[PDB]
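Written out below as structure tokens is the structure these notes cover.
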Amino acid sequence: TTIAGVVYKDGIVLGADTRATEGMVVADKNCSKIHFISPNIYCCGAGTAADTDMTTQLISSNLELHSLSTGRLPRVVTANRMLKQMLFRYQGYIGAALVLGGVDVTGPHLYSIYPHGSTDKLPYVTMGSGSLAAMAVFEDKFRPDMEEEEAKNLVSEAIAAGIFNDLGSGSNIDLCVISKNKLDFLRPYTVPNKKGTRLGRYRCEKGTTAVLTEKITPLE
Amino acid sequence: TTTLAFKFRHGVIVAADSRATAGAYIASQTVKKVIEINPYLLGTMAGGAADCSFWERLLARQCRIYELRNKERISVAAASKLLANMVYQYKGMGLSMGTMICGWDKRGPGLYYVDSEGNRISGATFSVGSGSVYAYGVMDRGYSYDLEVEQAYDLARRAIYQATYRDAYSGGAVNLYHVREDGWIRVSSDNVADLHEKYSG
Amino acid sequence: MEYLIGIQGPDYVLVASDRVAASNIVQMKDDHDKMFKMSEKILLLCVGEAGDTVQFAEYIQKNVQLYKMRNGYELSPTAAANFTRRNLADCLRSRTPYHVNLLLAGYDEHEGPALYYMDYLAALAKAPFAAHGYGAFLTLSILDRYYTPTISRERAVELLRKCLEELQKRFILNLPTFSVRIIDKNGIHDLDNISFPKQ
Amino acid sequence: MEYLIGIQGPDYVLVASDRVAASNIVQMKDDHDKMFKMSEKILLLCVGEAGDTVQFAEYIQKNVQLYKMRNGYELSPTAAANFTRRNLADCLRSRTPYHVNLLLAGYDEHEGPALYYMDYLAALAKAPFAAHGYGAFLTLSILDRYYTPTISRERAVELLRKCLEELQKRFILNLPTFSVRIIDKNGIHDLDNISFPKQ
Amino acid sequence: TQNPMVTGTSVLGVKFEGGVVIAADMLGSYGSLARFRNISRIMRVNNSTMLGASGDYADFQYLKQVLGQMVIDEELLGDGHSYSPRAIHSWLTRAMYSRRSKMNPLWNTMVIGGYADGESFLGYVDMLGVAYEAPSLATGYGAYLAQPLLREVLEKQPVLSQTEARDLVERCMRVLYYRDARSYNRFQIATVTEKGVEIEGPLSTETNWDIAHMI
Amino acid sequence: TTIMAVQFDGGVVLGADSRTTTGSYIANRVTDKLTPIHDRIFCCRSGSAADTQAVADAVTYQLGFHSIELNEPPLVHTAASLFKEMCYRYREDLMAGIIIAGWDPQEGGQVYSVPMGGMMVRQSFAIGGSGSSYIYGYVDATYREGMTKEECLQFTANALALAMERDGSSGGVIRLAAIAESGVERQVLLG
Amino acid sequence: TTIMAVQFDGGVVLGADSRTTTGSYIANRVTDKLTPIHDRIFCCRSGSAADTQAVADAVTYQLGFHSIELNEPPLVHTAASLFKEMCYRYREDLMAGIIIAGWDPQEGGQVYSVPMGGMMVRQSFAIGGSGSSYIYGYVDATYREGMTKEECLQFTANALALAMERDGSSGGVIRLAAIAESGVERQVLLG
Amino acid sequence: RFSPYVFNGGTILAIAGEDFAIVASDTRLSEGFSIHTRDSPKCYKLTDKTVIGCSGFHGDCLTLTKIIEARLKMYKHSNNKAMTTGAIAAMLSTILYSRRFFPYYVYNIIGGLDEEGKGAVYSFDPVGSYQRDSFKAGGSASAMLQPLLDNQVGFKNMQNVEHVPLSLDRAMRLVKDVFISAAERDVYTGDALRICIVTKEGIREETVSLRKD
Amino acid sequence: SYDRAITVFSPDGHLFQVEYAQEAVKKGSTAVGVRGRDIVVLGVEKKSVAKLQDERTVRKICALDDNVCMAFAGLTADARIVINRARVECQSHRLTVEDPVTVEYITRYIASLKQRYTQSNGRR
Amino acid sequence: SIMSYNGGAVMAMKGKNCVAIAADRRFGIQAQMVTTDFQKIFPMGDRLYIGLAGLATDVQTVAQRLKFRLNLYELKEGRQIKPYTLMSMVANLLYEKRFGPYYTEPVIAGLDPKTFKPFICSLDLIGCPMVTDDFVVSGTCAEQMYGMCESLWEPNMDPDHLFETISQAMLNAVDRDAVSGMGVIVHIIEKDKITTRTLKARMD
């Protein structure tokens with residue numbers, strides 16, 4: 001698991017890989033790790049996969065309730081305050097590492113939330129198991145006020161560093177670009193690893209399997 | 001793992017399965033659990049597969065040295081006593097071994113049972129393994145001292161079939177030997193899936 | 001620790017258990033009864049630790065009797081067995097779980113005889129024959145050796161006879177006596193308290 | 001776990017044990033022998049764990065036989081029993097201690113019959129009657145109820161008969177058969193292998 | 001060694017065209033305390049091989065003593081033979097494995113660089129006796145941080161010049177200064193060539209702190 | 001991780017490092033440990049990160065509602081008493097090294113220390129955090145009664161520079177804040 | 001418990017406290033931790049009391065036999081190498097914080113540090129013991145290159161005075177020793 | 001404290017033929033969550049007719065290989081001939097048992113030719129028990145490779161399927177496909193596939209790339 | 001530890017200490033033994049009684065087991081330690097292979113004990 | 001472990017306009033079978049099934065709480081449930097026992113009722129849903145089942161070849177497992193009819 005985010009001159013670029021490993025066996029090859037919160041705020045998740053799902057849906061339900069009452073656009077500091085007040089209440093038993101980012105009225109804002117409830121605003125963050133390989137790309141090649149073509153090229157390079165160097169990572173790279181007026185969510189940004197093609201024909205025909213009892217029930 | 005052995009009028013019958021597992025994973029289906037010490041002795045494999053393989057190969061070394069010095073073959077009582085003494089020196093260190101020793105002798109048939117803890121007992125019927133208790137029930141029903149040869153083949157063959165049916169760690173094929181006067185003879189080796197169609201109808 | 005058996009036929013259910021109430025090394029009572037009626041065609045056979053076998057199984061009995069008084073007719077053996085499974089599974093994730101192993105036997109006028117199997121984790125199993133205790137390891141292999149779906153109740157008793165003689169041959173506990181029931185279209189019937197004279 | 005008994009009379013020693021070789025839950029052998037000769041008037045009765053009962057007790061046997069070949073005459077029962085106590089106590093504070101419980105029985109031409117008692121800590125005790133196993137808790141109270149120092153060997157057998165019938169009444173293990181010896185001025189004699197027919 | 005008292009940290013190493021370059025800092029930590037701030041963690045073995053180490057430092061002085069004797073007694077034979085770098089790598093592998101087998105290990109992790117007979121050598125040696133060869137190595141947290149920066153250059157460009165390699169090490173030493181609590185801003189670079197072994201002085205990094213004004 | 005507060009006659013001077021570690025990895029390289037509660041009252045926090053952030057927001061909630069109701073700027077001793085009540089009731093669950101400092105119109109600058117136990121004491125200068133053990137000897141000999149403001153900014157800069165150089169858990173950049181009657185002058189310093 | 005050694009150009013200056021505790025009781029109130037090995041070579045010991053007394057007598061046995069055989073006054077680096085061999089071979093059984101200092105005719109004054117691991121390094125000034133953690137910041141700022149002898153006696157007196165005041169395990173009276181070419185000047189100091 | 005073992009991954013595969021023996025393995029060395037190298041095969045050439053594969057703890061795989069290569073020389077200097085394949089398997093069973101109470105954490109498969117030019121595969125446990133088989137798979141992905149070769153080589157669980165023996169050509173593409181399926185679902189299976197083919201004329205080698213996660 | 005070769009070869013191929021020991025046998029008292037088809041009979045001669053000594057302590061026919069007797073000649077000091085080592089071996093056979101010792105087996109123990117003892121260091 | 005107390009194996013596989021699901025038949029306690037007709041696949045309306053594997057209590061418990069919530073849904077609303085909606089229903093049911101969790105792993109397979117499109121998904125024991133397009137597996141012998149399906153699955157398969165693939169995937173993977181076996185039942189559903197077959201497996 002490798003998630004990362006950055007703040008360029010206009011907005012925020014988020015990125016993640018697509019793999020879920022149960023034990024040491026690859027369970028899912030296309031697990032979507034970037035979630036919806038509001039039409040301007042997304043979040044990336046790491047840690048326990050069921051804990052991040054049920055938490056990112058509860059807060060997204062509450063901001064839909066909150067923004068529809070106030071009649072205006074949500075703010076990123078509100079979603080920060082809802083998360084770190086409920087994670088502290090569950091005393092860290094809910095393992096959910098989150099990268100939060102959005103563009104409200106005040107501008108772009110990027111947060112990183114730890115499963116005990118500690119947060120911090122930063123210009124670039126990495127979480128996950130392969131976070132250390134991705135931080136080395138950000139630490140070497142960051143510059144403030146980049147354009148989004150440099151920002152998309154920087155993040156996709158940093159996610160790819162966690163692909164080829166961490167065992168619990170590595171498939172297609174997702175990205176999302178959030179700006180003041182544009183939301184570009186796109187999952188297959190690049191395909192660095194394919195599957196090799198089969199050589200031998202293993203194909204069996206009908207009648208190579210013994211059947212003891214068959215039943216047919218029609219429907220309509 | 002399920003082995004059994006019983007002696008009757010016409011020698012000794014030895015039978016075993018062939019499944020060797022690893023946790024819940026099955027390593028192989030074709031493990032020969034009745035190893036051949038001599039042309040006149042047989043030994044089984046129960047518990048640690050490597051510990052039964054080593055110390056009974058080491059026994060076959062020792063019985064051959066006895067024959068060259070004394071110019072006759074060793075008795076079945078003497079052979080198990082050598083195996084009981086070698087294993088005792090490593091008592092408590094964690095050896096897994098539950099084998100049996102079979103063979104014709106000058107006093108007739110011989111069937112002893114040797115543990116890794118130091119048990120050495122005689123007897124007429126034995127059954128060792130994880131599914132050994134499933135083998136005792138069917139074997140005690142059809143056992144007689146005065147069985148025929150083809151009848152005693154069917155008793156030991158079906159008794160392994162009931163043990164592999166209940167136990168999860170027992171299965172594979174059913175190996176079957178027969179210890180006779182001159183020496184042991186390999187009888188057959190049937191798959192359980194073939195016996196399932198045989199014993200059903 | 002102690003034993004019972006579940007032979008089920010085409011139109012009957014043959015159940016039997018031991019009669020021994022144990023202690024530390026001695027046996028307190030030699031004519032104990034593990035058999036609990038609920039209706040005129042439903043028995044109950046409970047095995048487990050000390051306090052839970054008596055009180056759970058009579059808690060079921062007061063609810064099956066109450067269903068008949070409130071409605072006039074009895075439960076089916078299927079619904080009776082599937083009501084007990086709810087009561088363990090609810091009380092399992094609790095401060096005081098019951099540790100009992102049981103198998104229920106019943107006859108119905110619609111679907112005929114029925115036998116169910118449970119453990120201390122509340123799993124049901126419609127089985128043609130079953131057994132609990134450590135003697136089940138000895139005695140299941142005789143039973144599927146000789147079982148026929150079309151077996152008569154006269155030779156089912158001598159199948160039970162053979163299945164209990166081997167239990168006094170290669171089993172370290174004593175177990176001298178065995179009480180036998182039979183359930184059919186006419187209800188519960190006592191058979192002979194079969195035993196082996198230790199004199 | 002398994003049982004033996006030590007009735008000693010005015011001019012005889014009556015010993016008996018069971019015949020059961022056990023396993024996990026099954027019994028491997030029903031005609032086992034716990035009885036080890038060393039001389040023409042000395043027995044040995046060893047109880048304990050698996051490997052130590054066979055190998056320690058025959059280690060004693062090769063030393064008692066060696067004493068007779070080196071000298072021409074045999075050990076007394078007192079010196080034979082007091083030689084075994086040295087061998088446990090030396091091997092007790094070691095890397096491989098033996099865990100066996102035993103009682104030795106012997107007759108001598110000078111001081112007559114003698115019975116000794118030991119445990120897995122090597123304590124001797126000259127006793128008129130003794131027993132090991134969990135059945136010793138059941139059966140010692142019958143034995144001092146009816147013991148007489150001047151007891152004849154004919155009624156000592158029926159005292160042993162009464163002492164074993166109660167062991168198949170309130171004791172959870174099976175124990176069907178019992179092998180009996182008797183030691184007197186003429187040496188070892190086999191008595192009847194008394195048992196209780198479980199058919 | 002049951003418990004390492006005074007420890008070191010990550011050691012880097014990468015081949016180039018005709019030689020190997022190795023860098024490591026000059027700090028011996030003690031728990032979370034920086035007691036010894038002027039120690040040297042790189043040993044120059046005779047003329048064509050070269051050793052750095054992490055882990056417990058008192059065990060490193062032991063191997064500095066033993067290898068120091070095995071080179072002295074060979075060269076006064078006049079055989080015309082010296083140890084190749086992979087011969088030392090083979091010796092040091094057996095020394096680790098024969099000592100964990102007695103359940104009394106040497107708490108170290110060592111990188112052996114060398115240039116003999118026209119070709120470069122770079123070998124890894126673990127505490128448990130795990131050894132291999134690679135065109136780039138890193139120990140400690142350097143396997144997590146600096147090692148991905150090494151491989152992405154070497155997969156896009158297999159061979160490197162000497163100036164490209166020495167630049168690429170100083171970038172990775174800067175990264176370990178930011179994101180490691182056991183680092184120190186004073187390191188030294190050792191380099192084998194065909195000319196010999198050269199160990200440069202206490203170099204320092206140049207840090208950037210412009211994001212600290214971002215509230 | 002290494003926090004420090006020194007008062008002078010007109011007010012107080014605060015200082016802290018910026019390194020936040022997770023075992024041995026640097027999680028946050030630059031960190032603001034100087035948290036505003038009110039306009040003339042700060043705290044600098046140490047110990048557990050998620051614990052001290054949660055307590056500092058609850059005190060800011062309670063003190064802001066307290067001052068708007070009395071219609072009067074709150075006391076420093078009032079704010080220090082609120083941290084004492086939460087750190088003592090929840091002393092079995094919190095690891096907080098809070099130091100409260102700030103200027104007050106009634107008493108001038110005050111500096112209070114609330115360690116992990118839950119006690120509270122006023123000091124002339126306070127010092128806390130993990131790296132604060134290595135500069136106890138320096139801060140005793142160097143401290144002098146009756147400093148100016150410009151000496152206290154020099155005094156806390158040299159003290160944080162020595163602990164950051166010697167401790168492994170401290171490091172980064174030095175954040176300073178001088179609180180007087182006029183306002184708060186914050187600055188980021190290195191060297 | 002709190003030991004210190006500083007070299008100057010003509011020689012070295014040693015210093016230590018005198019408190020020996022047993023858990024929390026003061027067993028020995030005055031203690032000589034400055035042990036002579038040879039006429040110009042001392043050591044100051046810390047850690048376990050019975051361990052460091054046994055090692056210091058074995059090195060005195062070996063170094064005295066070594067110097068009488070070569071017929072030459074021994075080296076400081078020679079004596080430091082002997083403590084390294086015993087503290088490394090028996091590192092699983094010893095808790096020793098030995099600092100070896102002294103003057104030598106060939107190289108002047110040397111100061112070596114042998115901590116509990118078993119390593120060895122030469123330093124300009126060494127510092128050890130339990131209470132030595134509280135004066136790391138003082139000894140870094142106050143130290144100045146190229147001192148006289150009379151400044152080093154002042155420098156080690158103020159450093160031991162601060163650790164004794166702040167640590168609970170240190171205390172008592174200050175023992176000093178200056179080793180030069182001429183001889184050894186020991187003195188007992190307080191304040 | 002100091003644990004003396006670690007798991008370095010790796011996966012080996014051998015197939016006995018009629019006149020051949022194919023031994024293949026990946027080339028990834030890795031412990032924990034990191035990667036040490038992307039080039040470290042397990043094909044070790046003992047003789048011209050015997051290749052051994054060694055998977056498990058890598059520090060033991062380095063030692064056990066060098067112990068074996070010494071004893072093949074000691075046989076030849078004392079018997080004037082090389083060891084056969086069956087003699088190696090009987091020897092290594094005694095070597096593994098010799099450290100019964102501090103075992104090697106190595107899984108071993110010996111492939112090679114017998115005296116009649118037929119394939120032979122001997123699979124070992126870490127204690128030293130063995131048997132002769134037609135195909136075995138050892139290592140991390142052994143639970144994935146063994147069910148596939150029961151279907152294709154063993155012709156198990158099929159009906160009305162003819163029984164043709166495996167050719168050399170069919171066995172090559174059967175090996176190449178089964179590692180591609182194993183590299184997808186296993187995190188340990190590596191990047192290059194070293195395939196060593198033992199025939200009556202020598203040992204051929206072949207390297208096939210995989211995905212590089 | 002007295003390490004010296006006692007028994008060495010002669011320049012014509014004899015072992016002098018062996019054949020000097022055969023003359024110590026050649027002046028011990030005579031022992032004769034024949035075997036019948038059902039009962040064996042052996043008996044020493046030259047008891048040489050002095051009518052003031054215990055007749056049982058001077059015996060030279062002893063038993064190794066129930067089935068094995070033994071007579072000897074030569075010097076009696078070395079005899080009764082060969083016997084006491086043979087009694088131990090024929091007893092330890094019973095802890096092994098269960099049958100009693102055959103008469104051929106115990107002579108291979110004595111002769112192999114007697115040979116290697118003309119081969120060791122510092123032993124006549 | 002806890003999942004290996006009774007064993008079990010459930011596989012679902014997606015075809016062209018059809019979807020098949022298969023499971024084993026063994027019920028047992030750690031070494032010892034009890035019966036060979038234990039139900040693990042339960043119907044949830046027409047053309048939509050669910051398979052459960054894990055602890056044999058929670059197989060029978062969750063399949064009754066889920067049926068409890070399903071009948072109230074299909075009576076309060078006037079329609080049958082979509083396959084995607086049931087996945088959110090089960091994931092709610094497991095996550096309520098976040099700290100008292102049921103030891104089971106469901107597998108859902110069915111056709112979408114309006115546009116007859118297949119759907120497969122699987123969940124862990126606390127409800128992380130994962131939708132795929134080829135196959136999902138659950139049970140003790142999971143790694144054996146990945147080697148089958150990665151090598152045998154094809155993208156567009158008629159219901160004849162879909163049956164042959166999922167049969168050979170189950171008969172070889174379960175045969176390599178020790179605590180799973182004793183028969184395999186295979187359901188293959190489609191928009192016109194539904195087919196249940198039982199395979200001739202090893203009773204060994």
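By order of appearance in the structure tokens: chains A, B, ..., then residues from 1 within every chain, and ligands from 1 in the order shown.
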Task: residue J:68 surroundings by only C-alpha atoms, 12 Å radius, close-in-sequence under 6 positions cut, as a PyMOL selection string - done: chain J and resi 44+61-62+74-75+89-90+93
Selected residues written out with N, CA, C and O atoms, as a PDB file, in the first residue's frame:
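Output contents, as saved in result.pdb:
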ATOM      1  N   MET J  44     -30.888 -16.613  -2.298  1.00  0.00           N
ATOM      2  CA  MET J  44     -31.395 -15.294  -1.930  1.00  0.00           C
ATOM      3  C   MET J  44     -32.169 -14.781  -3.135  1.00  0.00           C
ATOM      4  O   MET J  44     -31.649 -14.016  -3.947  1.00  0.00           O
ATOM      5  N   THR J  61     -25.572 -19.159  11.336  1.00  0.00           N
ATOM      6  CA  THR J  61     -26.143 -18.018  12.034  1.00  0.00           C
ATOM      7  C   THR J  61     -26.334 -16.822  11.112  1.00  0.00           C
ATOM      8  O   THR J  61     -27.407 -16.213  11.106  1.00  0.00           O
ATOM      9  N   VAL J  62     -25.318 -16.493  10.317  1.00  0.00           N
ATOM     10  CA  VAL J  62     -25.392 -15.333   9.437  1.00  0.00           C
ATOM     11  C   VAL J  62     -26.410 -15.567   8.330  1.00  0.00           C
ATOM     12  O   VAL J  62     -27.173 -14.663   7.973  1.00  0.00           O
ATOM     13  N   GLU J  74     -37.827  -7.017   1.042  1.00  0.00           N
ATOM     14  CA  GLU J  74     -38.628  -7.304  -0.137  1.00  0.00           C
ATOM     15  C   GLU J  74     -40.121  -7.235   0.121  1.00  0.00           C
ATOM     16  O   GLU J  74     -40.898  -7.419  -0.820  1.00  0.00           O
ATOM     17  N   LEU J  75     -40.547  -6.996   1.354  1.00  0.00           N
ATOM     18  CA  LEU J  75     -41.943  -6.702   1.636  1.00  0.00           C
ATOM     19  C   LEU J  75     -42.197  -5.227   1.870  1.00  0.00           C
ATOM     20  O   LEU J  75     -43.268  -4.732   1.524  1.00  0.00           O
ATOM     21  N   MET J  89     -25.636  -4.827   2.172  1.00  0.00           N
ATOM     22  CA  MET J  89     -26.423  -5.299   3.301  1.00  0.00           C
ATOM     23  C   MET J  89     -25.619  -6.238   4.185  1.00  0.00           C
ATOM     24  O   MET J  89     -25.704  -6.162   5.414  1.00  0.00           O
ATOM     25  N   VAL J  90     -24.840  -7.128   3.574  1.00  0.00           N
ATOM     26  CA  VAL J  90     -24.028  -8.065   4.338  1.00  0.00           C
ATOM     27  C   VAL J  90     -22.888  -7.335   5.032  1.00  0.00           C
ATOM     28  O   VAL J  90     -22.560  -7.622   6.189  1.00  0.00           O
ATOM     29  N   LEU J  93     -23.971  -5.969   8.117  1.00  0.00           N
ATOM     30  CA  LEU J  93     -24.273  -6.967   9.134  1.00  0.00           C
ATOM     31  C   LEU J  93     -23.018  -7.459   9.829  1.00  0.00           C
ATOM     32  O   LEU J  93     -23.051  -7.762  11.024  1.00  0.00           O
TER      33      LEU J  93
END
- [ ] Could you please tell me, as a count of residues only, which residues of chain J have an atom within 10 Å of chain A when using only C-alpha atoms?
- [x] 51
Open item on the list: Which residues are near residue D:104? Cut-off 9 Å, only C-alpha atoms, ignore same chain within fewer than 5 positions. Put them as JSON, numbers by chain.
Closed with: {"D": [6, 42, 43, 44, 45, 46, 77, 80, 81, 114, 115, 116, 117, 118]}
Please dump the current selection as a short mmCIF file (atom, residue, chain, number, x, y, z; two decimals), in the first residue's frame; keep N, CA and C atoms.
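Done, and the output landed in out-v3.cif:
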data_model
loop_
_atom_site.label_atom_id
_atom_site.label_comp_id
_atom_site.auth_asym_id
_atom_site.auth_seq_id
_atom_site.Cartn_x
_atom_site.Cartn_y
_atom_site.Cartn_z
N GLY D 6 -0.07 -56.09 47.74
CA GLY D 6 1.01 -56.67 48.50
C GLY D 6 0.71 -57.47 49.77
N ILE D 42 12.64 -64.14 44.95
CA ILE D 42 12.51 -62.69 44.95
C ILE D 42 11.82 -62.26 43.66
N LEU D 43 10.73 -61.51 43.79
CA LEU D 43 10.04 -60.91 42.65
C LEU D 43 10.28 -59.41 42.63
N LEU D 44 9.70 -58.76 41.63
CA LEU D 44 9.78 -57.31 41.49
C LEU D 44 8.57 -56.84 40.71
N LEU D 45 7.96 -55.76 41.18
CA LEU D 45 6.69 -55.27 40.66
C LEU D 45 6.84 -53.78 40.38
N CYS D 46 6.97 -53.41 39.11
CA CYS D 46 7.34 -52.04 38.75
C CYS D 46 6.20 -51.32 38.04
N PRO D 77 16.46 -61.05 50.45
CA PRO D 77 15.49 -60.05 50.00
C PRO D 77 15.72 -58.68 50.58
N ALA D 80 18.69 -57.16 48.53
CA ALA D 80 18.25 -56.91 47.17
C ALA D 80 17.40 -55.65 47.10
N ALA D 81 16.51 -55.47 48.08
CA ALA D 81 15.67 -54.29 48.09
C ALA D 81 16.45 -53.05 48.46
N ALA D 114 9.17 -61.36 53.49
CA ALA D 114 9.43 -59.94 53.61
C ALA D 114 8.82 -59.20 52.43
N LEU D 115 8.33 -57.99 52.71
CA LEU D 115 7.76 -57.13 51.69
C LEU D 115 8.29 -55.72 51.88
N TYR D 116 8.71 -55.08 50.79
CA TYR D 116 9.21 -53.72 50.85
C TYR D 116 8.43 -52.84 49.89
N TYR D 117 8.47 -51.54 50.16
CA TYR D 117 7.68 -50.55 49.44
C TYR D 117 8.59 -49.42 49.02
N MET D 118 8.45 -48.97 47.78
CA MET D 118 9.22 -47.83 47.30
C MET D 118 8.33 -46.93 46.45
#
- [ ] Write out as a PyMOL selection string which residues come within 12 Å of residue D:137 when counting only C-alpha atoms, dropping same-chain ones fewer than 3 positions away.
- [x] (chain C and resi 24-26) or (chain D and resi 1-5+130-134+140-143+163+166-167+170-171)
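Of the residues under consideration (H:183, H:148, H:203, H:208), H:148 shows the shortest atom-to-atom contact distance to chain J when counting only C-alpha atoms.
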- [ ] Check the DSSP output for the backbone and give back, as JSON, numbers by chain, the residues of stretch 160-204 of chain J in strand (DSSP E).
- [x] {"J": [184, 185, 186, 187, 188, 189, 190, 193, 194, 195, 196, 197, 198, 199]}
Task: Close residues, residue F:124 itself excluded, 10 Å, only C-alpha atoms, min 3 positions apart in chain, as a PyMOL selection string - done: chain F and resi 5-8+12+109-112+145
What are the nearest atom pairs, with distances in Å to one decimal, for all residues of stretch 70-172 of chain H that come at most 6 Å from stretch 43-51 of chain H, using only C-alpha atoms, set out by chain and rising residue number as a tab-separated table?
residue	atom	partner	partner_atom	distance
H:111	CA	H:51	CA	5.6
H:112	CA	H:50	CA	4.3
H:113	CA	H:49	CA	5.6
Same residues, C-alpha atoms, saved as a JSON list (two decimals), in the first residue's frame:
[["chain", "number", "residue", "atom", "x", "y", "z"],
["H", 111, "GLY", "CA", 16.61, -33.50, -10.32],
["H", 112, "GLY", "CA", 18.79, -35.43, -12.70],
["H", 113, "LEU", "CA", 19.37, -38.58, -14.70]]
Task: Two-atom distance - atom CA of residue H:200, atom CA of residue H:93 (Å) - done: 25.9 Å
Open item on the list: When you look at residue F:161 with a cut-off of 12 Å (counting only C-alpha atoms), what residues show up, excluding the ones that are within fewer than 6 positions of it in the same chain? I need them as number ranges by chain.
Closed with: F: 2-4, 15-17, 131-132, 134-135, 138, 154-155, 167, 170-175, 189-191; G: 137-138, 140-141
Open item on the list: Residues near residue B:160, anyone? I mean within 12 Å using only C-alpha atoms, not counting same-chain ones fewer than 3 positions away, as a PyMOL selection string.
Closed with: (chain B and resi 1-5+14-18+127-129+131-139+153-157+163-167+170-176+189-192+195-196) or (chain C and resi 141+145) or (chain J and resi 204)
